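Only one chain comes next, encoded as structure tokens, the form deposited in one PDB entry.
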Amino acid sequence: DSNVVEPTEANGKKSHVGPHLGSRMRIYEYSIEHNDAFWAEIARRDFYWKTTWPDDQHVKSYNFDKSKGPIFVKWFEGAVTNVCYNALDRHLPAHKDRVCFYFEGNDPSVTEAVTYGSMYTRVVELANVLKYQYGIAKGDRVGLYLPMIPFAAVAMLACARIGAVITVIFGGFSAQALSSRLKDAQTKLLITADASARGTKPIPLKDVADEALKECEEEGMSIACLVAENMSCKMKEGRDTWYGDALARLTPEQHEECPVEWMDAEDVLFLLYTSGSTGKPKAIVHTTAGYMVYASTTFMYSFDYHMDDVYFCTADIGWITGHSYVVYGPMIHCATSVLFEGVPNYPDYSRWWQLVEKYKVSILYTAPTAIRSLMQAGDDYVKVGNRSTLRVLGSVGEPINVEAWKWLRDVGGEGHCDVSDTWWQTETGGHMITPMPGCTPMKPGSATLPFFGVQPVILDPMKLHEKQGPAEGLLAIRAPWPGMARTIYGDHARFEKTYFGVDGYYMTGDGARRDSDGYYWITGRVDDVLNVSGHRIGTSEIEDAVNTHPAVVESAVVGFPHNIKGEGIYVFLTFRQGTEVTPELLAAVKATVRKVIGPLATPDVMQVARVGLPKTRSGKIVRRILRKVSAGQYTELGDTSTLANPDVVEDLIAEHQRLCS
């Protein structure tokens, strides 16, 4: 069609796959019909195994059909490996002088080029601190509450080295949100830093961790804390240790060697707390062999990473993108990457382009919310940067519309880049539907074709049968892939209910359209999870937080279209009778949400429902009406006949118009 953008000739010549779509389709066909042999060949070619699996013809066992028994997936059972060894040791000594991370702080005077050789030293030191000073054993859980600094990667890899299970808590979560994750994961140890900075905003980390640890102790836990020096904290005697002091306890040889814990294929690698449609965030569990292979193989092909490329992903390790596509995937393929602690607008909106030109970045993986913010700020901030080295631009985490896609390619990338809009989720471990540079014609707004080994389908929402050819409906995956999450920590029943409700399929929770070229167009979540600036958050978590303010009776949270964030957070709420409502009181309710969850959950609009929320006669809030009001779609309010209090509708519209929103 006329909306197709051809891959660049240069990227076709460079591609690991080939210069034409036929090259990709040749491998894809093999990856489906010889699925086991394909993954066995990739696994053997691209990774170190202490022990290999016994049969190339049979590297997966699984059940996707609840009627036949428990849902499960296993990949490479019988194999033995280690993620840290594949990310680091095996690249030495050959690549000891290769830069692993070009680190830059929020402050542009803070920089460091960290080689693979230096990463090895840093990781063996920390691994020995964990083993010998903290007694961290295989399978123990370790919480990370860290900024995007080299130590964050060191910490993830040291835990992998000794077979500990990490759970990374995004540094923007509050103390209450951190404490909840440490309690649910039963962490023995929290690794944090003194502090960070984001633009002009100080980011307390250890001071926040102090309140989280106090809450955990009141609950009967005992959690030690190791604190990296990044930027004078109150350190609790016996509980808290500065990393410099822990390092001083090491013997000389503990700076040089640390034994690798050789892991079985299905040993747990990390727990990542993720918001769902109902209830509190649940920990998605990823194991070792399948996830290692999948994250790294998607990194290689979706970005066409070669050794002469320099890579920059703008995502935080607190989310799956930073796990798969900042630390694990890139280092396993010996990438040279940019590691950036700061924000795109500090000191000003040229900052990311200054990084691109300084480090000769050729592959940039970022998010549509960031792109849309750069678009609003003006093209002069981009055009002062030399972007000649860019050849691949990637987008993750939300739909991108045609205007932002075109701006990314033709302004940001000067019209000499391919764009990889990658669709995937925390639960899928790595990319699932994505272009590949040089071989895949792009349609702006489409994720295009499935990754090797991936079989998506479109299910009819009513019959729940597959639809063939051009079709719209529920996006599902009909067969296993190595990167799939294996369970929800402590709740396999919820895992089966949420993702395997239709026998034979992994259900994504997204809607999608497949077109006549087999390209997929993801249309968004079909449940009650919001996508706020790329971050998924459940409406009921925000509602509960709002309801903890003592003046609040009732609240309902819905998403609404937002020209930068994609989806904003809209709060309808009612206060107790006789409350005097001021900008300050609404500010206090907002601050309560930021105390309970964190700034990522800040309401964008708070509308006071003078007469109450629209409810049925059984007392259930009719959220459909609230979604339509918050979006300004007054003609599509829908049925009011089931409301017990139909008189509230007029006020809700009039207020919304007043706020505008």
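Here the rigid core means the biggest group of C-alpha atoms that line up within 1.5 Å when the two forms are laid on top of each other. Start at 1 with the first residue shown and count on from there.
The protein also exists as the form deposited in another entry; that form is not presented, and the subsequent description refers to it.
Measuring CA movement between this form and the one not shown with the rigid core aligned, the set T602, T51, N63, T616 has one residue at 2 Å or more: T616. Once the rigid core is used as the reference frame, the Cα position of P583 differs between this form and the one not shown by 2 Å or more.
The Cα shift for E9 between this form and the one not shown, taken after rigid core superposition, is smaller than 2 angstroms.
Relative to the superposed core, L643 shifts its CA atom by 2 Å or more between this form and the one not shown.
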